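Coordinates from structure36.cif are shown below (mmCIF, C-alpha atoms and all ligand atoms).
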data_work
#
loop_
_atom_site.group_PDB
_atom_site.id
_atom_site.type_symbol
_atom_site.label_atom_id
_atom_site.label_comp_id
_atom_site.auth_asym_id
_atom_site.auth_seq_id
_atom_site.Cartn_x
_atom_site.Cartn_y
_atom_site.Cartn_z
ATOM 1 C CA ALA A 1 11.870 18.543 171.241
ATOM 2 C CA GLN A 2 9.778 15.546 170.177
ATOM 3 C CA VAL A 3 11.782 12.430 169.335
ATOM 4 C CA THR A 4 10.275 10.339 166.542
ATOM 5 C CA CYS A 5 10.971 6.698 165.806
ATOM 6 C CA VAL A 6 11.092 7.150 162.038
ATOM 7 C CA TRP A 7 12.013 3.513 161.287
ATOM 8 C CA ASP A 8 11.016 0.748 163.723
ATOM 9 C CA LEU A 9 13.770 -1.316 162.117
ATOM 10 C CA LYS A 10 14.735 -3.332 165.214
ATOM 11 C CA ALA A 11 18.327 -3.582 163.999
ATOM 12 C CA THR A 12 20.692 -5.834 165.923
ATOM 13 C CA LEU A 13 23.544 -3.294 165.827
ATOM 14 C CA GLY A 14 22.522 -0.124 164.020
ATOM 15 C CA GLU A 15 25.702 1.880 163.492
ATOM 16 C CA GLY A 16 27.601 4.234 161.215
ATOM 17 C CA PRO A 17 24.856 6.637 160.117
ATOM 18 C CA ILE A 18 25.857 9.267 157.558
ATOM 19 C CA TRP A 19 23.876 11.920 155.705
ATOM 20 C CA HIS A 20 24.640 11.656 151.985
ATOM 21 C CA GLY A 21 22.685 12.516 148.862
ATOM 22 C CA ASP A 22 19.917 14.013 151.022
ATOM 23 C CA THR A 23 19.160 10.620 152.593
ATOM 24 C CA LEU A 24 20.289 8.690 155.662
ATOM 25 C CA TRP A 25 22.697 5.789 155.142
ATOM 26 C CA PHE A 26 23.712 3.457 157.960
ATOM 27 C CA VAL A 27 24.501 -0.164 158.749
ATOM 28 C CA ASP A 28 23.382 -3.109 160.818
ATOM 29 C CA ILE A 29 26.776 -4.612 161.605
ATOM 30 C CA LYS A 30 25.524 -7.951 162.903
ATOM 31 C CA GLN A 31 22.771 -8.503 160.330
ATOM 32 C CA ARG A 32 25.359 -7.574 157.661
ATOM 33 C CA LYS A 33 23.156 -4.943 156.059
ATOM 34 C CA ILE A 34 23.510 -1.479 154.603
ATOM 35 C CA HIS A 35 20.339 0.556 155.092
ATOM 36 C CA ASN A 36 19.120 3.707 153.347
ATOM 37 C CA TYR A 37 16.262 5.859 154.680
ATOM 38 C CA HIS A 38 14.659 8.643 152.644
ATOM 39 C CA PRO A 39 13.008 11.020 155.153
ATOM 40 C CA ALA A 40 11.102 12.974 152.493
ATOM 41 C CA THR A 41 9.138 9.890 151.391
ATOM 42 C CA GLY A 42 9.793 7.345 154.142
ATOM 43 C CA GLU A 43 11.195 4.951 151.545
ATOM 44 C CA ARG A 44 13.572 2.323 152.894
ATOM 45 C CA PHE A 45 16.238 0.316 151.080
ATOM 46 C CA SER A 46 18.452 -2.458 152.415
ATOM 47 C CA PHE A 47 21.477 -4.195 150.900
ATOM 48 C CA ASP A 48 23.077 -7.446 152.031
ATOM 49 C CA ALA A 49 26.787 -7.383 152.804
ATOM 50 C CA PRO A 50 29.076 -10.433 152.484
ATOM 51 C CA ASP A 51 30.539 -9.725 155.943
ATOM 52 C CA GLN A 52 29.870 -7.547 158.943
ATOM 53 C CA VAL A 53 29.782 -3.981 157.620
ATOM 54 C CA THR A 54 30.601 -1.263 160.105
ATOM 55 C CA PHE A 55 30.913 2.151 158.428
ATOM 56 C CA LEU A 56 30.171 3.974 155.186
ATOM 57 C CA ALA A 57 31.842 6.934 153.556
ATOM 58 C CA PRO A 58 31.252 8.583 150.165
ATOM 59 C CA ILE A 59 34.092 9.067 147.690
ATOM 60 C CA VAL A 60 35.500 12.150 145.975
ATOM 61 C CA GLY A 61 34.704 12.057 142.262
ATOM 62 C CA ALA A 62 33.259 8.545 142.279
ATOM 63 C CA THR A 63 30.006 6.737 142.947
ATOM 64 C CA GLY A 64 29.316 4.336 145.771
ATOM 65 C CA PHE A 65 30.937 4.147 149.169
ATOM 66 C CA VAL A 66 34.083 2.965 150.876
ATOM 67 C CA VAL A 67 32.961 0.616 153.616
ATOM 68 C CA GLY A 68 34.468 -1.258 156.508
ATOM 69 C CA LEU A 69 33.985 -5.003 156.283
ATOM 70 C CA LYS A 70 35.425 -7.428 158.803
ATOM 71 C CA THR A 71 37.696 -8.657 155.987
ATOM 72 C CA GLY A 72 38.987 -5.166 155.158
ATOM 73 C CA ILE A 73 38.143 -1.887 153.452
ATOM 74 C CA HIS A 74 35.910 -2.300 150.396
ATOM 75 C CA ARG A 75 34.220 -0.231 147.724
ATOM 76 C CA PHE A 76 30.461 -0.669 147.611
ATOM 77 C CA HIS A 77 27.789 0.227 145.119
ATOM 78 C CA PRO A 78 24.256 -1.217 145.111
ATOM 79 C CA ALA A 79 24.611 -2.153 141.435
ATOM 80 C CA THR A 80 27.920 -4.054 141.646
ATOM 81 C CA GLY A 81 28.301 -5.150 145.270
ATOM 82 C CA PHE A 82 31.612 -5.197 147.129
ATOM 83 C CA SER A 83 35.234 -5.207 145.958
ATOM 84 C CA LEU A 84 38.267 -5.308 148.234
ATOM 85 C CA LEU A 85 40.212 -2.067 148.374
ATOM 86 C CA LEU A 86 42.802 -3.031 150.999
ATOM 87 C CA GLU A 87 43.311 -5.176 154.070
ATOM 88 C CA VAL A 88 44.403 -3.313 157.180
ATOM 89 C CA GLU A 89 45.099 -6.009 159.793
ATOM 90 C CA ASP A 90 46.040 -9.627 160.316
ATOM 91 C CA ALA A 91 42.827 -11.631 160.134
ATOM 92 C CA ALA A 92 44.284 -13.785 162.925
ATOM 93 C CA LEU A 93 43.372 -11.034 165.400
ATOM 94 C CA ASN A 94 39.647 -11.660 164.890
ATOM 95 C CA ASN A 95 39.381 -7.893 164.630
ATOM 96 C CA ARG A 96 36.912 -5.934 162.559
ATOM 97 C CA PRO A 97 36.673 -2.269 161.642
ATOM 98 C CA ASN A 98 34.199 -0.270 163.642
ATOM 99 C CA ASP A 99 33.484 3.456 163.544
ATOM 100 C CA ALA A 100 34.807 5.998 161.075
ATOM 101 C CA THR A 101 34.729 9.623 159.997
ATOM 102 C CA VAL A 102 35.978 11.677 157.063
ATOM 103 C CA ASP A 103 37.899 14.824 157.924
ATOM 104 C CA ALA A 104 37.893 18.035 155.883
ATOM 105 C CA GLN A 105 40.948 16.862 153.887
ATOM 106 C CA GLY A 106 39.115 13.778 152.626
ATOM 107 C CA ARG A 107 41.012 11.495 154.992
ATOM 108 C CA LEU A 108 39.149 8.450 156.273
ATOM 109 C CA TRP A 109 39.747 7.872 159.980
ATOM 110 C CA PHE A 110 38.505 4.497 161.164
ATOM 111 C CA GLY A 111 39.021 2.250 164.149
ATOM 112 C CA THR A 112 39.291 -1.490 164.528
ATOM 113 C CA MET A 113 38.285 -3.616 167.477
ATOM 114 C CA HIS A 114 38.384 -7.142 168.777
ATOM 115 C CA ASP A 115 35.237 -8.614 167.286
ATOM 116 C CA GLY A 116 35.015 -10.721 170.448
ATOM 117 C CA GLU A 117 35.070 -7.505 172.511
ATOM 118 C CA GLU A 118 37.670 -8.836 174.946
ATOM 119 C CA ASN A 119 41.200 -8.288 173.585
ATOM 120 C CA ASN A 120 42.937 -4.900 173.559
ATOM 121 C CA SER A 121 43.789 -5.440 169.891
ATOM 122 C CA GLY A 122 41.973 -2.522 168.248
ATOM 123 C CA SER A 123 43.695 0.419 166.577
ATOM 124 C CA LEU A 124 43.008 3.807 165.007
ATOM 125 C CA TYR A 125 43.872 4.293 161.324
ATOM 126 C CA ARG A 126 44.226 7.285 159.015
ATOM 127 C CA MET A 127 43.631 6.453 155.353
ATOM 128 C CA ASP A 128 44.433 9.156 152.804
ATOM 129 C CA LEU A 129 46.360 9.669 149.569
ATOM 130 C CA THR A 130 49.655 8.800 151.312
ATOM 131 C CA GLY A 131 48.401 5.374 152.399
ATOM 132 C CA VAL A 132 47.055 3.878 155.631
ATOM 133 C CA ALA A 133 48.789 4.914 158.862
ATOM 134 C CA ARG A 134 48.238 3.387 162.296
ATOM 135 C CA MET A 135 47.601 6.268 164.694
ATOM 136 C CA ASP A 136 46.765 4.603 168.034
ATOM 137 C CA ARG A 137 46.731 1.067 169.368
ATOM 138 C CA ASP A 138 45.874 -1.289 172.221
ATOM 139 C CA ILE A 139 42.161 -0.419 172.453
ATOM 140 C CA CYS A 140 39.524 -3.117 172.825
ATOM 141 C CA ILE A 141 36.626 -1.178 171.292
ATOM 142 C CA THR A 142 37.471 2.000 169.413
ATOM 143 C CA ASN A 143 34.698 4.423 168.610
ATOM 144 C CA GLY A 144 33.624 7.819 167.427
ATOM 145 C CA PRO A 145 36.530 9.344 165.529
ATOM 146 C CA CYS A 146 35.618 12.919 164.685
ATOM 147 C CA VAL A 147 37.194 16.303 164.027
ATOM 148 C CA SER A 148 36.315 19.842 165.041
ATOM 149 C CA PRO A 149 35.034 22.336 162.445
ATOM 150 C CA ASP A 150 38.368 24.185 162.484
ATOM 151 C CA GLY A 151 40.203 20.910 161.850
ATOM 152 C CA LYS A 152 42.576 21.416 164.797
ATOM 153 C CA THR A 153 41.054 18.954 167.300
ATOM 154 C CA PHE A 154 40.494 15.222 166.823
ATOM 155 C CA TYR A 155 38.424 13.111 169.217
ATOM 156 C CA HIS A 156 38.621 9.369 169.756
ATOM 157 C CA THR A 157 36.871 7.030 172.159
ATOM 158 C CA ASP A 158 37.980 4.001 174.170
ATOM 159 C CA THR A 159 34.493 2.658 174.804
ATOM 160 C CA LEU A 160 35.192 0.084 177.507
ATOM 161 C CA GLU A 161 37.478 2.531 179.350
ATOM 162 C CA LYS A 162 34.557 5.015 179.299
ATOM 163 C CA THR A 163 36.904 7.712 178.000
ATOM 164 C CA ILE A 164 36.927 10.124 175.079
ATOM 165 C CA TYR A 165 40.329 11.571 174.236
ATOM 166 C CA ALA A 166 41.133 14.802 172.436
ATOM 167 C CA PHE A 167 44.166 15.309 170.193
ATOM 168 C CA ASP A 168 45.746 18.199 168.384
ATOM 169 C CA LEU A 169 45.336 17.437 164.674
ATOM 170 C CA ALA A 170 48.087 18.865 162.480
ATOM 171 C CA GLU A 171 47.696 19.893 158.850
ATOM 172 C CA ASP A 172 49.753 16.886 157.699
ATOM 173 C CA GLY A 173 47.346 14.573 159.536
ATOM 174 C CA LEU A 174 49.574 13.900 162.546
ATOM 175 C CA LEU A 175 48.201 13.741 166.083
ATOM 176 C CA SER A 176 49.781 15.201 169.205
ATOM 177 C CA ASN A 177 48.947 16.355 172.710
ATOM 178 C CA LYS A 178 46.565 13.532 173.587
ATOM 179 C CA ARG A 179 44.554 14.232 176.736
ATOM 180 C CA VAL A 180 41.410 13.026 178.462
ATOM 181 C CA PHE A 181 38.433 14.905 177.052
ATOM 182 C CA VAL A 182 35.540 13.204 178.876
ATOM 183 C CA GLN A 183 35.523 10.235 181.226
ATOM 184 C CA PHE A 184 32.027 8.864 181.662
ATOM 185 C CA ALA A 185 30.580 8.628 185.175
ATOM 186 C CA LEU A 186 26.909 8.421 184.200
ATOM 187 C CA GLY A 187 26.122 4.990 185.641
ATOM 188 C CA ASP A 188 27.685 1.571 186.073
ATOM 189 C CA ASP A 189 26.611 0.327 182.638
ATOM 190 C CA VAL A 190 26.769 3.570 180.616
ATOM 191 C CA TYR A 191 29.518 3.631 177.978
ATOM 192 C CA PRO A 192 30.264 6.120 175.187
ATOM 193 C CA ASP A 193 29.540 4.641 171.761
ATOM 194 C CA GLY A 194 29.813 6.764 168.616
ATOM 195 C CA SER A 195 30.283 10.526 168.538
ATOM 196 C CA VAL A 196 30.108 13.375 166.035
ATOM 197 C CA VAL A 197 31.099 17.037 166.296
ATOM 198 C CA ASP A 198 28.507 19.662 165.380
ATOM 199 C CA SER A 199 29.027 22.976 163.607
ATOM 200 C CA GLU A 200 29.780 24.750 166.900
ATOM 201 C CA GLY A 201 32.493 22.261 167.855
ATOM 202 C CA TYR A 202 30.284 20.550 170.447
ATOM 203 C CA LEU A 203 30.583 16.774 170.746
ATOM 204 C CA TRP A 204 27.450 14.611 170.630
ATOM 205 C CA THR A 205 28.018 11.165 172.166
ATOM 206 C CA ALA A 206 25.593 8.253 171.906
ATOM 207 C CA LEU A 207 25.321 6.281 175.149
ATOM 208 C CA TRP A 208 25.498 2.498 175.243
ATOM 209 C CA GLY A 209 23.268 1.608 178.168
ATOM 210 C CA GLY A 210 22.474 5.278 178.695
ATOM 211 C CA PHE A 211 19.176 5.546 176.827
ATOM 212 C CA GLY A 212 20.198 8.589 174.813
ATOM 213 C CA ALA A 213 22.962 10.961 173.835
ATOM 214 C CA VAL A 214 24.868 13.798 175.489
ATOM 215 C CA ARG A 215 26.106 17.048 173.955
ATOM 216 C CA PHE A 216 29.473 18.234 175.300
ATOM 217 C CA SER A 217 31.059 21.660 175.046
ATOM 218 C CA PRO A 218 34.586 21.883 173.597
ATOM 219 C CA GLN A 219 35.773 22.097 177.221
ATOM 220 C CA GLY A 220 34.210 18.709 177.999
ATOM 221 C CA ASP A 221 31.140 19.768 180.001
ATOM 222 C CA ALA A 222 27.764 18.204 179.244
ATOM 223 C CA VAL A 223 25.249 20.849 178.184
ATOM 224 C CA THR A 224 22.305 18.746 176.912
ATOM 225 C CA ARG A 225 21.098 15.141 177.117
ATOM 226 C CA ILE A 226 18.525 13.558 174.792
ATOM 227 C CA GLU A 227 16.448 10.594 175.996
ATOM 228 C CA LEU A 228 15.401 7.816 173.624
ATOM 229 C CA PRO A 229 13.199 4.787 174.431
ATOM 230 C CA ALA A 230 16.130 2.480 173.680
ATOM 231 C CA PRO A 231 18.816 1.436 176.188
ATOM 232 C CA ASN A 232 21.678 1.244 173.664
ATOM 233 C CA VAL A 233 22.139 4.299 171.439
ATOM 234 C CA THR A 234 25.021 3.849 169.028
ATOM 235 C CA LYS A 235 25.697 7.020 167.038
ATOM 236 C CA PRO A 236 24.227 10.428 166.202
ATOM 237 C CA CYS A 237 24.070 11.821 162.684
ATOM 238 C CA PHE A 238 23.017 15.293 161.595
ATOM 239 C CA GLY A 239 20.755 15.269 158.557
ATOM 240 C CA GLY A 240 17.729 16.993 157.085
ATOM 241 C CA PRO A 241 17.682 20.019 154.798
ATOM 242 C CA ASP A 242 19.876 22.122 157.119
ATOM 243 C CA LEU A 243 21.653 19.428 159.173
ATOM 244 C CA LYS A 244 19.406 20.308 162.128
ATOM 245 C CA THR A 245 17.612 16.940 162.284
ATOM 246 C CA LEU A 246 19.646 14.753 164.627
ATOM 247 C CA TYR A 247 19.269 11.079 163.726
ATOM 248 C CA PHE A 248 20.298 8.205 165.980
ATOM 249 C CA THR A 249 20.970 4.555 165.330
ATOM 250 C CA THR A 250 20.362 2.127 168.185
ATOM 251 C CA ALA A 251 20.995 -1.523 168.920
ATOM 252 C CA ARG A 252 19.173 -4.514 170.319
ATOM 253 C CA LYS A 253 22.565 -6.211 170.769
ATOM 254 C CA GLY A 254 23.291 -7.031 174.399
ATOM 255 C CA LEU A 255 19.682 -6.687 175.619
ATOM 256 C CA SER A 256 17.669 -9.555 177.088
ATOM 257 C CA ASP A 257 14.353 -10.649 175.625
ATOM 258 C CA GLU A 258 12.693 -9.178 178.725
ATOM 259 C CA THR A 259 14.353 -5.805 178.130
ATOM 260 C CA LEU A 260 13.470 -5.926 174.427
ATOM 261 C CA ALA A 261 9.813 -6.511 175.313
ATOM 262 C CA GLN A 262 10.051 -3.455 177.587
ATOM 263 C CA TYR A 263 11.829 -1.298 174.967
ATOM 264 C CA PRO A 264 10.531 -2.737 171.694
ATOM 265 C CA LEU A 265 11.744 0.203 169.593
ATOM 266 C CA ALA A 266 15.331 -0.753 170.467
ATOM 267 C CA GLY A 267 17.313 -1.004 167.247
ATOM 268 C CA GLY A 268 15.133 1.625 165.593
ATOM 269 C CA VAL A 269 16.129 4.875 163.926
ATOM 270 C CA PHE A 270 15.175 8.015 165.837
ATOM 271 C CA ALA A 271 15.088 11.646 164.764
ATOM 272 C CA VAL A 272 14.812 14.838 166.779
ATOM 273 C CA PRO A 273 15.056 18.489 165.703
ATOM 274 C CA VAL A 274 17.929 20.406 167.299
ATOM 275 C CA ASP A 275 18.923 24.060 167.339
ATOM 276 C CA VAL A 276 22.567 23.835 166.187
ATOM 277 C CA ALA A 277 23.437 22.373 162.796
ATOM 278 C CA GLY A 278 25.881 19.534 162.293
ATOM 279 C CA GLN A 279 28.907 19.481 160.021
ATOM 280 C CA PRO A 280 28.470 18.584 156.338
ATOM 281 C CA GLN A 281 29.562 15.076 155.421
ATOM 282 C CA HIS A 282 32.997 14.876 153.796
ATOM 283 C CA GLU A 283 34.016 12.570 150.955
ATOM 284 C CA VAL A 284 37.097 10.352 150.998
ATOM 285 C CA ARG A 285 39.925 11.062 148.544
ATOM 286 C CA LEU A 286 40.871 7.604 147.282
ATOM 287 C CA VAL A 287 43.316 8.926 144.671
HETATM 288 O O1 LIG B 301 27.083 -11.042 170.851
HETATM 289 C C1 LIG B 301 28.390 -10.469 170.808
HETATM 290 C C2 LIG B 301 29.096 -10.867 169.507
HETATM 291 O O2 LIG B 301 28.397 -10.292 168.404
HETATM 292 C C3 LIG B 301 30.537 -10.351 169.545
HETATM 293 O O3 LIG B 301 31.204 -10.706 168.333
HETATM 294 O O4 LIG B 301 31.235 -10.933 170.647
HETATM 295 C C4 LIG B 301 30.653 -10.453 171.855
HETATM 296 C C5 LIG B 301 29.222 -10.981 171.990
HETATM 297 O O5 LIG B 301 28.664 -10.523 173.223
HETATM 298 O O1 LIG B 302 30.452 -3.981 169.196
HETATM 299 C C1 LIG B 302 29.798 -2.733 169.442
HETATM 300 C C2 LIG B 302 30.467 -1.603 168.649
HETATM 301 O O2 LIG B 302 30.296 -1.858 167.254
HETATM 302 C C3 LIG B 302 29.835 -0.271 169.059
HETATM 303 O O3 LIG B 302 30.406 0.775 168.276
HETATM 304 O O4 LIG B 302 30.089 -0.070 170.452
HETATM 305 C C4 LIG B 302 29.295 -1.008 171.179
HETATM 306 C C5 LIG B 302 29.846 -2.415 170.946
HETATM 307 O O5 LIG B 302 29.069 -3.400 171.632
HETATM 308 O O1 LIG B 303 32.076 13.681 185.010
HETATM 309 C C1 LIG B 303 31.731 14.030 183.669
HETATM 310 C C2 LIG B 303 31.413 15.528 183.604
HETATM 311 O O2 LIG B 303 32.604 16.292 183.810
HETATM 312 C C3 LIG B 303 30.848 15.856 182.220
HETATM 313 O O3 LIG B 303 30.537 17.248 182.138
HETATM 314 O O4 LIG B 303 29.660 15.108 181.973
HETATM 315 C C4 LIG B 303 30.021 13.735 181.878
HETATM 316 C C5 LIG B 303 30.490 13.233 183.244
HETATM 317 O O5 LIG B 303 30.788 11.838 183.147
HETATM 318 FE FE FE B 304 30.163 2.572 167.556
#

What would you get if you wrote out this structure as structure tokens?
Ligand SMILES: O[C@@H]1[C@@H](O)[C@H](O)OC[C@H]1O
Ligand SMILES: O[C@@H]1[C@@H](O)[C@H](O)OC[C@H]1O
Ligand SMILES: O[C@@H]1[C@@H](O)[C@H](O)OC[C@H]1O
Ligand SMILES: [Fe+2]
Amino acid sequence: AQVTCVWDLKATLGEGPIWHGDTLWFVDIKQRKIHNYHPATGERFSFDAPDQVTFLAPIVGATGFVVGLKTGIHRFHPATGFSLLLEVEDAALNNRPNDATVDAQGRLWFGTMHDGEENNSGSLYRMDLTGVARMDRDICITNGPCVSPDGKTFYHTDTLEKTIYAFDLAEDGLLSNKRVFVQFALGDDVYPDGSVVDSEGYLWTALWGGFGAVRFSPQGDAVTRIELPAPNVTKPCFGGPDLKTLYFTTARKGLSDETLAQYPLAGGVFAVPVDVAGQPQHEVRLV
């Protein structure tokens, strides 16, 4: 259908969109901002973060959000700012968190990455009521943790290796039976960024350098591709009254001034109606 640039925000690294409280929340990692977009009114709110902020997740029985800062996992509320919840990694790695999801058990799955985007020092983490467990390792840029509606399949992306993996997800939160789900052969400079799983179990993957997003069947076959006037698309997010408005964050990061003049809406927020609803956002169980 028609794609609308609903917020010509020109973010440096728009990322981590979630639908919460009937509005769209997301981040600009590199401008260190949390953004909030109210589609019903067009109202926009922005909050400064004391470090790069990479993901947002709401909390069971509590206000505010748990967020990924470069310095660790924090609680955030607009009224009180940021407070450290826990550190996950040696700061010496020059890592930062990146993408995250909340599964149906209130577990927060989030990745880390080399902030310099060169070292294979990133990991996957599972944060729940039993603590924080390292689930995978040795990945330069992690991305797009997500779970299927039935809770039995978990997807995770190695962006620079152009590969999405699928795992069996057990009821105690353990992973097994890792296998290639999709390896990207869509162009020299096209990499999978963030992904979400829709209500039918199909995977939507935003394309870095691919000017859009691709919907994949549970068997790993592309069924639909959405074009946006922005070379780097970072993550999809289902929102709107019935989770049938697919929002996308995008990024100006990595694009030359010439390319930005050619694609000036890069870094904007885009919305397109789709036929299959997304999954409802889950809240993290912190205690
Ligand atoms: O600009 C990028 C910077 O933000 C990142 O930290 O390191 C890689 C650079 O390309
Ligand atoms: O650093 C960026 C990361 O945050 C994004 O998820 O994938 C693209 C990278 O350039
Ligand atoms: O080769 C891959 C193909 O199998 C998948 O369906 O679409 C993505 C391609 O990269
Ligand atoms: Fe990402």

Practice item. List, as number ranges by chain, every residue that the PyMOL selection byres (((chain A and resi 164) around 6) and not hetatm) selects in the file provided. Key: A: 156-157, 163, 165, 181-182

Write out as an mmCIF file with C-alpha atoms, in the coordinates of the input which residues come within 9 Å of residue 193 in chain A when counting all atoms listed in the file, dropping same-chain ones fewer than 2 positions away.
data_model
loop_
_atom_site.group_PDB
_atom_site.id
_atom_site.type_symbol
_atom_site.label_atom_id
_atom_site.label_comp_id
_atom_site.auth_asym_id
_atom_site.auth_seq_id
_atom_site.Cartn_x
_atom_site.Cartn_y
_atom_site.Cartn_z
ATOM 1 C CA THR A 142 37.471 2.000 169.413
ATOM 2 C CA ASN A 143 34.698 4.423 168.610
ATOM 3 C CA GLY A 144 33.624 7.819 167.427
ATOM 4 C CA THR A 157 36.871 7.030 172.159
ATOM 5 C CA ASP A 158 37.980 4.001 174.170
ATOM 6 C CA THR A 159 34.493 2.658 174.804
ATOM 7 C CA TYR A 191 29.518 3.631 177.978
ATOM 8 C CA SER A 195 30.283 10.526 168.538
ATOM 9 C CA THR A 205 28.018 11.165 172.166
ATOM 10 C CA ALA A 206 25.593 8.253 171.906
ATOM 11 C CA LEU A 207 25.321 6.281 175.149
ATOM 12 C CA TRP A 208 25.498 2.498 175.243
ATOM 13 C CA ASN A 232 21.678 1.244 173.664
ATOM 14 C CA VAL A 233 22.139 4.299 171.439
ATOM 15 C CA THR A 234 25.021 3.849 169.028
ATOM 16 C CA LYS A 235 25.697 7.020 167.038
#

**Study point:** Point-to-point distance in Å for CA of residue 217 in chain A and CA of residue 201 in chain A
**Key:** 7.4 Å

**Study point:** Who sits within 9 Å of residue 203 in chain A, only C-alpha atoms, same chain under 5 positions skipped, as a list in words
**Key:**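 Skipping anything fewer than 5 positions along the chain leaves residues 146, 148, 155, 195, 196, 197, 198, 214, 215, 216, 217, 218 and 220 of chain A.
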
Written selection (C-alpha atoms) as a PDB file, in the coordinates of the input:
ATOM      1  CA  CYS A 146      35.618  12.919 164.685  1.00  0.00           C
ATOM      2  CA  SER A 148      36.315  19.842 165.041  1.00  0.00           C
ATOM      3  CA  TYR A 155      38.424  13.111 169.217  1.00  0.00           C
ATOM      4  CA  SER A 195      30.283  10.526 168.538  1.00  0.00           C
ATOM      5  CA  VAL A 196      30.108  13.375 166.035  1.00  0.00           C
ATOM      6  CA  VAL A 197      31.099  17.037 166.296  1.00  0.00           C
ATOM      7  CA  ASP A 198      28.507  19.662 165.380  1.00  0.00           C
ATOM      8  CA  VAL A 214      24.868  13.798 175.489  1.00  0.00           C
ATOM      9  CA  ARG A 215      26.106  17.048 173.955  1.00  0.00           C
ATOM     10  CA  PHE A 216      29.473  18.234 175.300  1.00  0.00           C
ATOM     11  CA  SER A 217      31.059  21.660 175.046  1.00  0.00           C
ATOM     12  CA  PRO A 218      34.586  21.883 173.597  1.00  0.00           C
ATOM     13  CA  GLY A 220      34.210  18.709 177.999  1.00  0.00           C
TER      14      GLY A 220
END

Point to revise | Residues in the PyMOL selection byres (((chain A and resi 137) around 9) and not hetatm), expressed as a list in words | key: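 Output of the PyMOL selection byres (((chain A and resi 137) around 9) and not hetatm): residues 120, 121, 122, 123, 124, 134, 135, 136, 138 and 139 of chain A.
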
Practice item. Excluding residue 252 in chain A and residues on its chain fewer than 4 positions from it, collect all residues at most 7 Å away from it, counting all atoms listed in the file, and give them as a ChimeraX atom specification. Key: /A:10-13,266-267

Point to revise | Ground truth for the PyMOL selection byres (((chain A and resi 227) around 12) and not hetatm), written as number ranges by chain | key: A: 1-4, 206-207, 209-215, 224-226, 228-233, 248, 270-272

Go through the chains and note each residue within 7 Å of ligand LIG 301 (chain B), using only C-alpha atoms and all ligand atoms, then give the set as a short mmCIF file (atom, residue, chain, number, x, y, z; two decimals) with C-alpha atoms, in the coordinates of the input.
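Output saved as out19.cif:
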data_model
loop_
_atom_site.label_atom_id
_atom_site.label_comp_id
_atom_site.auth_asym_id
_atom_site.auth_seq_id
_atom_site.Cartn_x
_atom_site.Cartn_y
_atom_site.Cartn_z
CA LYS A 30 25.52 -7.95 162.90
CA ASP A 115 35.24 -8.61 167.29
CA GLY A 116 35.02 -10.72 170.45
CA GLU A 117 35.07 -7.50 172.51
CA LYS A 253 22.56 -6.21 170.77
CA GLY A 254 23.29 -7.03 174.40
#
